[PDB]
Amino acid sequence: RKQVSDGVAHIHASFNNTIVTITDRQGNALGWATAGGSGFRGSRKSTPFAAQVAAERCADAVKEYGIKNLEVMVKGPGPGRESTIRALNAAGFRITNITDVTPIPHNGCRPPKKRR
Amino acid sequence: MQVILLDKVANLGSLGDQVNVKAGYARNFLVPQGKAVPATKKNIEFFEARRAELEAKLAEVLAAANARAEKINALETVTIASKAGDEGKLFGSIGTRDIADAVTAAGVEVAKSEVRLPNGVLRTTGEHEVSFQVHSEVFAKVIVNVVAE
Amino acid sequence: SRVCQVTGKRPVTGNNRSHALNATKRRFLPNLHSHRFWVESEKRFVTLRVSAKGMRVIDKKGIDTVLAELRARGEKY
Amino acid sequence: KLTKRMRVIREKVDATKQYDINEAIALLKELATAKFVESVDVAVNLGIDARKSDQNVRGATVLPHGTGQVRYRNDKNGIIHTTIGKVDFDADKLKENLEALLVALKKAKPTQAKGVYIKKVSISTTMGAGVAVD
RNA sequence: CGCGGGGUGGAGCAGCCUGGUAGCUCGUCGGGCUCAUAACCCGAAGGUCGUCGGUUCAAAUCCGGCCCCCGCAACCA
RNA sequence: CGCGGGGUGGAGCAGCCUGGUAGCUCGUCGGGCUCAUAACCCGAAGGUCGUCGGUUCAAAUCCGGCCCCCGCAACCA
RNA sequence: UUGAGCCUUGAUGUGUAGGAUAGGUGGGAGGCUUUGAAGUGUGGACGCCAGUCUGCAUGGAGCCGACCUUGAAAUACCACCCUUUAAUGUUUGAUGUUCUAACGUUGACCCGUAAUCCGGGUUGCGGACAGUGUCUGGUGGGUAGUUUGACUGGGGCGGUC
RNA sequence: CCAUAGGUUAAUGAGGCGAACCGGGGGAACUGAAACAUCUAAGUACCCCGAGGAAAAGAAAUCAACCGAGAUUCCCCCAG
Ligand SMILES: [Mg+2]
Ligand SMILES: [Mg+2]
Ligand SMILES: [Mg+2]
Ligand SMILES: [Mg+2]
Ligand SMILES: [Mg+2]
Ligand SMILES: [Mg+2]
Ligand SMILES: [Mg+2]
Ligand SMILES: [Mg+2]
Ligand SMILES: [Mg+2]
Ligand SMILES: [Mg+2]
Ligand SMILES: [Mg+2]
């Protein structure tokens, strides 16, 4: 369990699923819980509620670590992004600061042409 | 093996111990360096009475000469300035060969085998510590200042 | 040749009996290895071409004792 | 865990040693330090399979000095236990008792018992230190 | 001449080795959906198992003759 | 020829190894579903442990066989 | 560092009857406590989070066995041990890094020597790898030794033995 | 550095040939088995090395049998 004092709660909110990984301050992962691994498979996987219950099941699994306060790094458009931070607060954490790490190129690689 | 020692081996021995060591360790290291001699019936007798009384301690005061070897140089500093480049960056990198020549003509008459370089091969212009090995257990800490000539 | 200096071993021959007992001539070679020894007498290195058994012989006997045997056998060492 | 009594019980006796038959019988006076007169139960680990009904060692032997004939049968795991009388019976009396039992077990050898029979025979009193015999 | 396989509802194919009870898809027939057809959904029917005989309690099957089809073979001078 | 094992609703797998107290995933209904079909989602239905003896308070389990599926190494009548 | 066997020692083990996160067995009913007590502060270990385990110490010398509910009695005391597990000792094994002396060097320089061979000597780089011997599994037409039936209205094909 | 390696000179011996025999180092195949692979052919042919007048072996860590014989070599039996 190692008993880490504080950590960072990353939020990967893509269009179809939100993986919420709680790592320490040094990036090393301590636990995770996806919106598709907590039931809600398919159409309901892309909902802000599934994103909520994703972050809920991630609050535990890290109780063994005892992270009191944590920073949050959101990433992606997704359906979550704002419903997942509310549950991550309701779990009993002290939100140090909320940062947005959405990766945006300065017109780098060519995006797909898809979806007609 | 069963090789009886002649010195102060850093892990098992203490001058006069009948330690069992691997055959390769004794044959290639202990034998040719005089750190030990094969424990065969007759050879044991030459050590236990002749050497263990007198010759053993004679090598111990040689280790006292190693204590003398720690301060053969007075100031304990050797400054070498050879051709280099700009912003430090030495032209031709110096080595343990020349440091053996540097301190001998300027203090400690040391050989190349007792010369060390704990930090690279000294390409930089500045402060360096050539930690001499006056003895396996007790060393020297002569500070070498390499200046860009 | 592969003849050891000390033991005087040489490559003997022999059959290679398979599971069907088919005899086939093979050749047993000695475990030669060029090792360099330290003679306390001359205070130098004498390079012999000895087998692995011949090193355990030099281990028991003296190093110079073996060379005394090789000198008696007219070998260059 | 341990205190005043329980530790001295183990300090007197050499734990890492199996004593001779005429040795253990005398040394037991050092251990039985209760108000009453204790007794010594005998621990004999039979080299038979308790997971095999064909090898069950079961019988009764007469104690020469009493407690006094005793009854015995092993566990579902391999060792059998029974007493050989009071601790205050003289040392050579227990000597008479112990030896009588060992014969009694070999007197009841199983046919399918494959392996060393006794391997370790120990006795101890009420408040006794673990003492194995030779 | 020989070797080996096949023949089963209107079509194409399982079942045969290891006998008693034959199934899948399409098509057909009837109903529904639609303004009408196709598609789609629901229900049902439909087979002398090439042909004759024999073995057996019982033969599509196991065995034999004949007819049709398919592949292989039909060679050395 | 042993040495290892593994056998559980229809069925693939648990749980056994370390004694009492059988879960799991598809194959079927009721639905909810929606103008609808699709898909989804909800609750139900089904092995007392392949079979027989011993020990034991209590055997799916531990110990003996039987029928196997195997995993091979063997395999010089 | 990290597996495995073992030693010492310390924990571990809530169908259900239940004051018990009790396994079988078992000798015997006093240990226990002032070689500084019950109760507790508070934290850790353990955890099916039901309840154990426990350091120091304010406190201050008590605490408790058959009794009664169990298929079993009270780790109060002790012995032999089983599943589960902790520290240490020891024992070999498999990895990772470093070291230098074995070994390699178809790197440099010197001498033998006017000689790109070779040997020795300094020195640099590798390094217990590489390579070689014995044993060993796999692969192996690269190579070698061979087998591949008879009857038959000629042999083959088919069929038969 | 010494010292070794190496270099120069002298002395003694060796080198090659030879018919078989002899000891040692390597070592086939056709053939027989009515095929063939274990096996046989055969440790033969042949190649190599070394020596002598002979060579080899040889004075028991041998056999025997609880009685004894006493190195090796060769021949007849033992016995196909
Ligand atoms: Mg595309
Ligand atoms: Mg229509
Ligand atoms: Mg071929
Ligand atoms: Mg042939
Ligand atoms: Mg013919
Ligand atoms: Mg000649
Ligand atoms: Mg033939
Ligand atoms: Mg002559
Ligand atoms: Mg002679
Ligand atoms: Mg002779
Ligand atoms: Mg006699």
# chains A, B, ... in the order shown; residues from 1 in each chain; ligands from 1
>>> residues_near_ligand(ligand="ligand 10", cutoff="9 Å", atoms="only C-alpha atoms (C1' of nucleotides) and all ligand atoms", output="list in words")
residues 56, 57 and 58 of chain H
>>> residues_near_ligand(ligand="ligand 2", cutoff="12 Å", atoms="only C-alpha atoms (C1' of nucleotides) and all ligand atoms", output="PDB file with N, CA and C atoms (P, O5', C5', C4', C3', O3' and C1' of nucleotides), in the first residue's frame")
ATOM      1  P     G E  31     -54.544 -15.265 -49.008  1.00  0.00           P
ATOM      2  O5'   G E  31     -54.176 -14.747 -47.547  1.00  0.00           O
ATOM      3  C5'   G E  31     -55.067 -14.984 -46.441  1.00  0.00           C
ATOM      4  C4'   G E  31     -54.432 -14.561 -45.136  1.00  0.00           C
ATOM      5  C3'   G E  31     -53.948 -13.123 -45.032  1.00  0.00           C
ATOM      6  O3'   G E  31     -55.003 -12.199 -44.781  1.00  0.00           O
ATOM      7  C1'   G E  31     -52.305 -14.563 -44.147  1.00  0.00           C
ATOM      8  P     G E  32     -54.891 -10.693 -45.341  1.00  0.00           P
ATOM      9  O5'   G E  32     -53.716 -10.044 -44.480  1.00  0.00           O
ATOM     10  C5'   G E  32     -53.851  -9.882 -43.056  1.00  0.00           C
ATOM     11  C4'   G E  32     -52.578  -9.326 -42.456  1.00  0.00           C
ATOM     12  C3'   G E  32     -52.089  -7.982 -42.975  1.00  0.00           C
ATOM     13  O3'   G E  32     -52.788  -6.894 -42.370  1.00  0.00           O
ATOM     14  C1'   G E  32     -50.266  -9.477 -42.778  1.00  0.00           C
ATOM     15  P     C E  33     -52.906  -5.487 -43.144  1.00  0.00           P
ATOM     16  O5'   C E  33     -51.405  -4.953 -43.217  1.00  0.00           O
ATOM     17  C5'   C E  33     -50.697  -4.556 -42.022  1.00  0.00           C
ATOM     18  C4'   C E  33     -49.264  -4.193 -42.350  1.00  0.00           C
ATOM     19  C3'   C E  33     -49.071  -3.098 -43.389  1.00  0.00           C
ATOM     20  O3'   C E  33     -49.150  -1.804 -42.791  1.00  0.00           O
ATOM     21  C1'   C E  33     -47.660  -4.931 -43.896  1.00  0.00           C
ATOM     22  P     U E  34     -50.059  -0.662 -43.468  1.00  0.00           P
ATOM     23  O5'   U E  34     -49.424  -0.473 -44.917  1.00  0.00           O
ATOM     24  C5'   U E  34     -48.284   0.384 -45.125  1.00  0.00           C
ATOM     25  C4'   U E  34     -47.998   0.524 -46.604  1.00  0.00           C
ATOM     26  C3'   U E  34     -49.174   0.913 -47.490  1.00  0.00           C
ATOM     27  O3'   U E  34     -49.426   2.318 -47.479  1.00  0.00           O
ATOM     28  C1'   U E  34     -48.003  -0.890 -48.479  1.00  0.00           C
ATOM     29  P     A E  36     -52.658  -1.349 -51.041  1.00  0.00           P
ATOM     30  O5'   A E  36     -51.816  -1.914 -52.270  1.00  0.00           O
ATOM     31  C5'   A E  36     -52.477  -2.480 -53.419  1.00  0.00           C
ATOM     32  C4'   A E  36     -51.492  -2.694 -54.548  1.00  0.00           C
ATOM     33  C3'   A E  36     -50.281  -3.566 -54.246  1.00  0.00           C
ATOM     34  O3'   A E  36     -50.574  -4.959 -54.340  1.00  0.00           O
ATOM     35  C1'   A E  36     -49.570  -1.600 -55.333  1.00  0.00           C
ATOM     36  P     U E  37     -49.649  -6.029 -53.565  1.00  0.00           P
ATOM     37  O5'   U E  37     -48.270  -6.009 -54.364  1.00  0.00           O
ATOM     38  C5'   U E  37     -48.176  -6.560 -55.693  1.00  0.00           C
ATOM     39  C4'   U E  37     -46.782  -6.375 -56.252  1.00  0.00           C
ATOM     40  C3'   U E  37     -45.626  -6.962 -55.455  1.00  0.00           C
ATOM     41  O3'   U E  37     -45.459  -8.362 -55.685  1.00  0.00           O
ATOM     42  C1'   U E  37     -45.079  -4.762 -56.125  1.00  0.00           C
ATOM     43  P     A E  38     -44.762  -9.282 -54.561  1.00  0.00           P
ATOM     44  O5'   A E  38     -43.288  -8.686 -54.417  1.00  0.00           O
ATOM     45  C5'   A E  38     -42.283  -8.945 -55.421  1.00  0.00           C
ATOM     46  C4'   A E  38     -40.973  -8.268 -55.063  1.00  0.00           C
ATOM     47  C3'   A E  38     -40.341  -8.622 -53.724  1.00  0.00           C
ATOM     48  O3'   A E  38     -39.628  -9.860 -53.765  1.00  0.00           O
ATOM     49  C1'   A E  38     -40.257  -6.282 -54.040  1.00  0.00           C
ATOM     50  P     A E  39     -39.574 -10.800 -52.454  1.00  0.00           P
ATOM     51  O5'   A E  39     -38.843  -9.907 -51.352  1.00  0.00           O
ATOM     52  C5'   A E  39     -37.439  -9.583 -51.462  1.00  0.00           C
ATOM     53  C4'   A E  39     -37.061  -8.524 -50.449  1.00  0.00           C
ATOM     54  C3'   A E  39     -37.289  -8.878 -48.985  1.00  0.00           C
ATOM     55  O3'   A E  39     -36.203  -9.621 -48.435  1.00  0.00           O
ATOM     56  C1'   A E  39     -38.211  -6.753 -49.416  1.00  0.00           C
ATOM     57  P     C E  40     -36.481 -10.738 -47.307  1.00  0.00           P
ATOM     58  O5'   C E  40     -37.261  -9.958 -46.156  1.00  0.00           O
ATOM     59  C5'   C E  40     -36.570  -9.090 -45.235  1.00  0.00           C
ATOM     60  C4'   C E  40     -37.547  -8.510 -44.237  1.00  0.00           C
ATOM     61  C3'   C E  40     -38.340  -9.518 -43.416  1.00  0.00           C
ATOM     62  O3'   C E  40     -37.611  -9.969 -42.276  1.00  0.00           O
ATOM     63  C1'   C E  40     -39.823  -7.928 -44.330  1.00  0.00           C
ATOM     64  P     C E  41     -37.885 -11.439 -41.679  1.00  0.00           P
ATOM     65  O5'   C E  41     -39.317 -11.319 -40.989  1.00  0.00           O
ATOM     66  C5'   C E  41     -39.483 -10.632 -39.733  1.00  0.00           C
ATOM     67  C4'   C E  41     -40.920 -10.716 -39.266  1.00  0.00           C
ATOM     68  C3'   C E  41     -41.522 -12.109 -39.161  1.00  0.00           C
ATOM     69  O3'   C E  41     -41.161 -12.776 -37.951  1.00  0.00           O
ATOM     70  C1'   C E  41     -43.033 -10.696 -40.298  1.00  0.00           C
TER      71        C E  41
END
>>> interface_residues(of="chain B", to="chain G", cutoff="12 Å", atoms="only C-alpha atoms (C1' of nucleotides)", output="PDB file with C-alpha atoms, in the first residue's frame")
ATOM      1  CA  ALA B  23      40.561 -22.809  -7.416  1.00  0.00           C
ATOM      2  CA  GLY B  24      40.466 -20.014  -9.973  1.00  0.00           C
ATOM      3  CA  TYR B  25      40.721 -17.287  -7.350  1.00  0.00           C
ATOM      4  CA  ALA B  26      43.821 -18.822  -5.818  1.00  0.00           C
ATOM      5  CA  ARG B  27      45.654 -19.880  -8.988  1.00  0.00           C
ATOM      6  CA  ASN B  28      45.335 -16.608 -10.918  1.00  0.00           C
ATOM      7  CA  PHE B  29      45.194 -13.947  -8.205  1.00  0.00           C
ATOM      8  CA  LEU B  30      46.391 -15.124  -4.799  1.00  0.00           C
ATOM      9  CA  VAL B  31      49.381 -17.116  -6.048  1.00  0.00           C
ATOM     10  CA  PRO B  32      51.060 -14.650  -8.487  1.00  0.00           C
ATOM     11  CA  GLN B  33      50.430 -11.589  -6.298  1.00  0.00           C
ATOM     12  CA  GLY B  95      45.538  10.086 -18.333  1.00  0.00           C
ATOM     13  CA  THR B  96      46.842   7.989 -15.450  1.00  0.00           C
ATOM     14  CA  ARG B  97      50.140   7.667 -17.329  1.00  0.00           C
ATOM     15  CA  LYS B 112      51.163   4.124 -12.614  1.00  0.00           C
TER      16      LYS B 112
END
>>> select_by_dssp(residues="segment 8-144 of chain B", states="helix (DSSP H, G or I)", output="count of residues only")
47
>>> residues_near_ligand(ligand="ligand 9", cutoff="12 Å", atoms="only C-alpha atoms (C1' of nucleotides) and all ligand atoms", output="JSON, numbers by chain")
{"H": [22, 23, 51, 52, 53, 54, 55, 56, 57, 58, 72]}
>>> residues_near_ligand(ligand="ligand 4", cutoff="9 Å", atoms="only C-alpha atoms (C1' of nucleotides) and all ligand atoms", output="ChimeraX atom specification")
/G:145-146 /H:29-31,36
>>> residues_near_ligand(ligand="ligand 6", cutoff="12 Å", atoms="only C-alpha atoms (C1' of nucleotides) and all ligand atoms", output="PyMOL selection string")
chain H and resi 14-18+49-51
>>> write_last_selection(atoms="N, CA, C and O atoms (P, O5', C5', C4', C3', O3' and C1' of nucleotides)", output="PDB file, in the first residue's frame")
ATOM      1  P     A H  14      75.131 -41.931 -34.821  1.00  0.00           P
ATOM      2  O5'   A H  14      73.697 -41.332 -35.179  1.00  0.00           O
ATOM      3  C5'   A H  14      72.539 -41.651 -34.381  1.00  0.00           C
ATOM      4  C4'   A H  14      71.418 -40.674 -34.663  1.00  0.00           C
ATOM      5  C3'   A H  14      70.924 -40.616 -36.101  1.00  0.00           C
ATOM      6  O3'   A H  14      69.963 -41.643 -36.349  1.00  0.00           O
ATOM      7  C1'   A H  14      71.265 -38.418 -35.290  1.00  0.00           C
ATOM      8  P     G H  15      69.799 -42.253 -37.828  1.00  0.00           P
ATOM      9  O5'   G H  15      69.317 -41.012 -38.707  1.00  0.00           O
ATOM     10  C5'   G H  15      68.070 -40.344 -38.420  1.00  0.00           C
ATOM     11  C4'   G H  15      67.704 -39.389 -39.537  1.00  0.00           C
ATOM     12  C3'   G H  15      67.712 -39.974 -40.951  1.00  0.00           C
ATOM     13  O3'   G H  15      66.686 -39.346 -41.727  1.00  0.00           O
ATOM     14  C1'   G H  15      69.214 -38.163 -40.841  1.00  0.00           C
ATOM     15  P     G H  16      65.472 -40.224 -42.326  1.00  0.00           P
ATOM     16  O5'   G H  16      66.085 -40.914 -43.626  1.00  0.00           O
ATOM     17  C5'   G H  16      66.221 -40.185 -44.862  1.00  0.00           C
ATOM     18  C4'   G H  16      67.039 -40.979 -45.855  1.00  0.00           C
ATOM     19  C3'   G H  16      66.537 -42.378 -46.181  1.00  0.00           C
ATOM     20  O3'   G H  16      65.502 -42.373 -47.164  1.00  0.00           O
ATOM     21  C1'   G H  16      68.842 -42.484 -45.701  1.00  0.00           C
ATOM     22  P     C H  17      64.462 -43.603 -47.238  1.00  0.00           P
ATOM     23  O5'   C H  17      65.363 -44.850 -47.664  1.00  0.00           O
ATOM     24  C5'   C H  17      66.010 -44.890 -48.957  1.00  0.00           C
ATOM     25  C4'   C H  17      66.868 -46.131 -49.090  1.00  0.00           C
ATOM     26  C3'   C H  17      66.172 -47.469 -48.894  1.00  0.00           C
ATOM     27  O3'   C H  17      65.457 -47.905 -50.047  1.00  0.00           O
ATOM     28  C1'   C H  17      68.190 -47.468 -47.674  1.00  0.00           C
ATOM     29  P     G H  18      64.200 -48.900 -49.876  1.00  0.00           P
ATOM     30  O5'   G H  18      64.802 -50.160 -49.103  1.00  0.00           O
ATOM     31  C5'   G H  18      65.852 -50.961 -49.686  1.00  0.00           C
ATOM     32  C4'   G H  18      66.255 -52.083 -48.751  1.00  0.00           C
ATOM     33  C3'   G H  18      65.153 -53.022 -48.287  1.00  0.00           C
ATOM     34  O3'   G H  18      64.835 -53.995 -49.280  1.00  0.00           O
ATOM     35  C1'   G H  18      66.591 -52.501 -46.477  1.00  0.00           C
ATOM     36  P     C H  49      56.606 -42.648 -41.463  1.00  0.00           P
ATOM     37  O5'   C H  49      56.749 -42.938 -39.902  1.00  0.00           O
ATOM     38  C5'   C H  49      56.400 -41.933 -38.930  1.00  0.00           C
ATOM     39  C4'   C H  49      56.513 -42.488 -37.527  1.00  0.00           C
ATOM     40  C3'   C H  49      57.814 -43.189 -37.183  1.00  0.00           C
ATOM     41  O3'   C H  49      58.862 -42.276 -36.882  1.00  0.00           O
ATOM     42  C1'   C H  49      56.009 -44.495 -36.412  1.00  0.00           C
ATOM     43  P     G H  50      60.391 -42.743 -37.056  1.00  0.00           P
ATOM     44  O5'   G H  50      60.542 -43.934 -36.004  1.00  0.00           O
ATOM     45  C5'   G H  50      60.525 -43.667 -34.589  1.00  0.00           C
ATOM     46  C4'   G H  50      60.717 -44.944 -33.794  1.00  0.00           C
ATOM     47  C3'   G H  50      61.849 -45.871 -34.207  1.00  0.00           C
ATOM     48  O3'   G H  50      63.136 -45.414 -33.805  1.00  0.00           O
ATOM     49  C1'   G H  50      59.930 -47.155 -33.718  1.00  0.00           C
ATOM     50  P     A H  51      64.451 -46.016 -34.517  1.00  0.00           P
ATOM     51  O5'   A H  51      64.561 -47.497 -33.932  1.00  0.00           O
ATOM     52  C5'   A H  51      64.697 -47.719 -32.515  1.00  0.00           C
ATOM     53  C4'   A H  51      64.624 -49.197 -32.185  1.00  0.00           C
ATOM     54  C3'   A H  51      65.609 -50.131 -32.871  1.00  0.00           C
ATOM     55  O3'   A H  51      66.912 -50.072 -32.287  1.00  0.00           O
ATOM     56  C1'   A H  51      63.467 -51.133 -32.821  1.00  0.00           C
TER      57        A H  51
END
>>> residues_near_ligand(ligand="ligand 5", cutoff="8 Å", atoms="only C-alpha atoms (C1' of nucleotides) and all ligand atoms", output="ChimeraX atom specification")
/G:150-152,155
>>> residues_near_ligand(ligand="ligand 3", cutoff="12 Å", atoms="only C-alpha atoms (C1' of nucleotides) and all ligand atoms", output="PyMOL selection string")
chain G and resi 141-147
>>> residues_around(residues="segment 20-31 of chain C", least_positions_apart="5", cutoff="6 Å", atoms="only C-alpha atoms (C1' of nucleotides)", output="PDB file with N, CA and C atoms (P, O5', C5', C4', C3', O3' and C1' of nucleotides), in the first residue's frame")
ATOM      1  N   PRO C  11      44.682 -37.181 -28.626  1.00  0.00           N
ATOM      2  CA  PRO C  11      43.354 -37.524 -29.141  1.00  0.00           C
ATOM      3  C   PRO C  11      43.172 -39.006 -29.458  1.00  0.00           C
ATOM      4  N   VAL C  12      42.461 -39.715 -28.587  1.00  0.00           N
ATOM      5  CA  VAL C  12      42.187 -41.126 -28.817  1.00  0.00           C
ATOM      6  C   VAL C  12      40.962 -41.182 -29.721  1.00  0.00           C
ATOM      7  N   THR C  13      40.679 -42.355 -30.267  1.00  0.00           N
ATOM      8  CA  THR C  13      39.533 -42.513 -31.144  1.00  0.00           C
ATOM      9  C   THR C  13      38.442 -43.303 -30.437  1.00  0.00           C
ATOM     10  N   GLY C  14      37.391 -43.640 -31.176  1.00  0.00           N
ATOM     11  CA  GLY C  14      36.305 -44.397 -30.589  1.00  0.00           C
ATOM     12  C   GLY C  14      35.102 -44.412 -31.499  1.00  0.00           C
ATOM     13  N   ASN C  15      34.150 -45.287 -31.202  1.00  0.00           N
ATOM     14  CA  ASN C  15      32.945 -45.375 -32.007  1.00  0.00           C
ATOM     15  C   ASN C  15      31.867 -44.465 -31.441  1.00  0.00           C
ATOM     16  N   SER C  51      45.685 -29.543 -20.486  1.00  0.00           N
ATOM     17  CA  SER C  51      44.302 -29.986 -20.446  1.00  0.00           C
ATOM     18  C   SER C  51      43.757 -29.558 -19.088  1.00  0.00           C
ATOM     19  N   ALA C  52      42.450 -29.707 -18.895  1.00  0.00           N
ATOM     20  CA  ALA C  52      41.814 -29.321 -17.639  1.00  0.00           C
ATOM     21  C   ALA C  52      42.234 -30.216 -16.480  1.00  0.00           C
TER      22      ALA C  52
ATOM     23  P     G G 133      35.936 -28.563 -29.782  1.00  0.00           P
ATOM     24  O5'   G G 133      36.254 -29.352 -28.434  1.00  0.00           O
ATOM     25  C5'   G G 133      37.504 -30.054 -28.260  1.00  0.00           C
ATOM     26  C4'   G G 133      37.541 -30.746 -26.916  1.00  0.00           C
ATOM     27  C3'   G G 133      36.385 -31.688 -26.616  1.00  0.00           C
ATOM     28  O3'   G G 133      36.585 -32.982 -27.193  1.00  0.00           O
ATOM     29  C1'   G G 133      36.730 -30.260 -24.767  1.00  0.00           C
TER      30        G G 133
END
>>> residues_near_ligand(ligand="ligand 11", cutoff="10 Å", atoms="only C-alpha atoms (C1' of nucleotides) and all ligand atoms", output="PyMOL selection string")
chain H and resi 66-68
>>> write_last_selection(atoms="C-alpha atoms (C1' of nucleotides)", output="PDB file, in the first residue's frame")
ATOM      1  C1'   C H  66      39.096 -73.402   1.535  1.00  0.00           C
ATOM      2  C1'   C H  67      43.721 -78.995  -0.369  1.00  0.00           C
ATOM      3  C1'   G H  68      47.416 -76.144  -2.869  1.00  0.00           C
TER       4        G H  68
END
>>> residues_near_ligand(ligand="ligand 1", cutoff="10 Å", atoms="only C-alpha atoms (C1' of nucleotides) and all ligand atoms", output="VMD selection string")
chain A and resid 112 to 115
>>> atom_distance(atom1="atom CA of residue 22 of chain D", atom2="atom CA of residue 65 of chain D")
16.5 Å
>>> interface_residues(of="chain D", to="chain G", cutoff="8 Å", atoms="only C-alpha atoms (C1' of nucleotides)", output="VMD selection string")
chain D and resid 4 34 to 35 38 to 41 43 to 45 75 to 77 79 81 83 122 to 130
>>> write_last_selection(atoms="N, CA and C atoms", output="short mmCIF file (atom, residue, chain, number, x, y, z; two decimals), in the first residue's frame")
data_model
loop_
_atom_site.label_atom_id
_atom_site.label_comp_id
_atom_site.auth_asym_id
_atom_site.auth_seq_id
_atom_site.Cartn_x
_atom_site.Cartn_y
_atom_site.Cartn_z
N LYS D 4 8.15 -15.28 33.32
CA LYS D 4 8.91 -15.93 34.40
C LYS D 4 9.05 -17.47 34.29
N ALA D 34 4.66 -27.13 39.51
CA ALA D 34 3.27 -26.75 39.85
C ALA D 34 3.04 -27.11 41.35
N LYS D 35 1.86 -26.75 41.88
CA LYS D 35 1.54 -27.07 43.29
C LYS D 35 1.37 -28.61 43.46
N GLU D 38 2.16 -33.67 38.78
CA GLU D 38 1.77 -33.78 37.37
C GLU D 38 1.96 -35.23 36.85
N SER D 39 1.88 -35.39 35.53
CA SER D 39 2.08 -36.70 34.88
C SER D 39 2.69 -36.49 33.48
N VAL D 40 3.35 -37.52 32.95
CA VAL D 40 3.96 -37.38 31.63
C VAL D 40 3.25 -38.17 30.53
N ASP D 41 2.73 -37.42 29.55
CA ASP D 41 2.07 -38.01 28.38
C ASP D 41 3.23 -38.30 27.39
N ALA D 43 4.44 -38.74 23.45
CA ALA D 43 4.18 -38.35 22.07
C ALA D 43 5.05 -39.27 21.17
N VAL D 44 4.38 -40.05 20.31
CA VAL D 44 5.10 -40.96 19.41
C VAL D 44 4.56 -40.77 17.98
N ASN D 45 5.39 -40.16 17.12
CA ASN D 45 4.95 -39.94 15.73
C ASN D 45 5.21 -41.19 14.86
N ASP D 75 -3.94 -39.97 16.03
CA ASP D 75 -4.80 -38.90 15.51
C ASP D 75 -5.13 -39.19 14.02
N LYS D 76 -5.76 -38.21 13.36
CA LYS D 76 -6.09 -38.33 11.92
C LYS D 76 -4.88 -37.75 11.16
N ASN D 77 -3.77 -37.54 11.88
CA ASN D 77 -2.59 -36.92 11.27
C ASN D 77 -1.23 -37.67 11.39
N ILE D 79 0.44 -38.94 14.70
CA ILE D 79 1.01 -39.18 16.03
C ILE D 79 -0.02 -39.73 17.02
N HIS D 81 -0.87 -40.58 21.27
CA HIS D 81 -0.57 -40.04 22.60
C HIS D 81 -1.26 -40.80 23.73
N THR D 83 -0.42 -41.49 28.39
CA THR D 83 0.42 -41.20 29.57
C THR D 83 1.09 -42.48 30.12
N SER D 122 8.89 -38.44 21.78
CA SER D 122 9.04 -37.42 22.82
C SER D 122 8.04 -37.60 23.97
N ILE D 123 8.45 -37.10 25.13
CA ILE D 123 7.58 -37.11 26.30
C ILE D 123 7.72 -35.74 26.97
N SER D 124 6.70 -35.38 27.75
CA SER D 124 6.66 -34.10 28.45
C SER D 124 5.62 -34.24 29.57
N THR D 125 5.80 -33.47 30.63
CA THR D 125 4.87 -33.52 31.77
C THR D 125 3.68 -32.55 31.52
N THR D 126 2.97 -32.22 32.61
CA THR D 126 1.83 -31.28 32.58
C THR D 126 2.35 -29.93 32.03
N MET D 127 3.28 -29.34 32.78
CA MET D 127 3.91 -28.06 32.42
C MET D 127 5.35 -28.45 31.98
N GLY D 128 5.44 -29.32 30.96
CA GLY D 128 6.75 -29.80 30.50
C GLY D 128 7.40 -29.24 29.22
N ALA D 129 8.74 -29.20 29.22
CA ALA D 129 9.51 -28.72 28.06
C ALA D 129 9.58 -29.86 26.99
N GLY D 130 9.53 -29.48 25.70
CA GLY D 130 9.59 -30.46 24.61
C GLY D 130 10.87 -31.29 24.63
#
>>> select_by_dssp(residues="chain A", states="strand (DSSP E or B)", output="ChimeraX atom specification")
/A:7-13,18-24,29-34,69-75,94-100
>>> interface_residues(of="chain H", to="chain C", cutoff="12 Å", atoms="only C-alpha atoms (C1' of nucleotides)", output="PDB file with C-alpha atoms (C1' of nucleotides), in the first residue's frame")
ATOM      1  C1'   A H   3      67.990 -11.238 -16.072  1.00  0.00           C
ATOM      2  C1'   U H   4      65.832 -14.054 -19.977  1.00  0.00           C
ATOM      3  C1'   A H   5      64.492 -14.732 -25.452  1.00  0.00           C
ATOM      4  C1'   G H  25      49.313 -45.106 -33.656  1.00  0.00           C
ATOM      5  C1'   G H  26      45.135 -45.006 -37.396  1.00  0.00           C
ATOM      6  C1'   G H  27      41.923 -48.458 -40.006  1.00  0.00           C
ATOM      7  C1'   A H  28      38.200 -50.121 -44.559  1.00  0.00           C
ATOM      8  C1'   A H  37      20.993 -51.923 -40.563  1.00  0.00           C
ATOM      9  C1'   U H  38      23.429 -54.984 -34.878  1.00  0.00           C
ATOM     10  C1'   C H  39      26.973 -58.771 -36.232  1.00  0.00           C
TER      11        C H  39
END
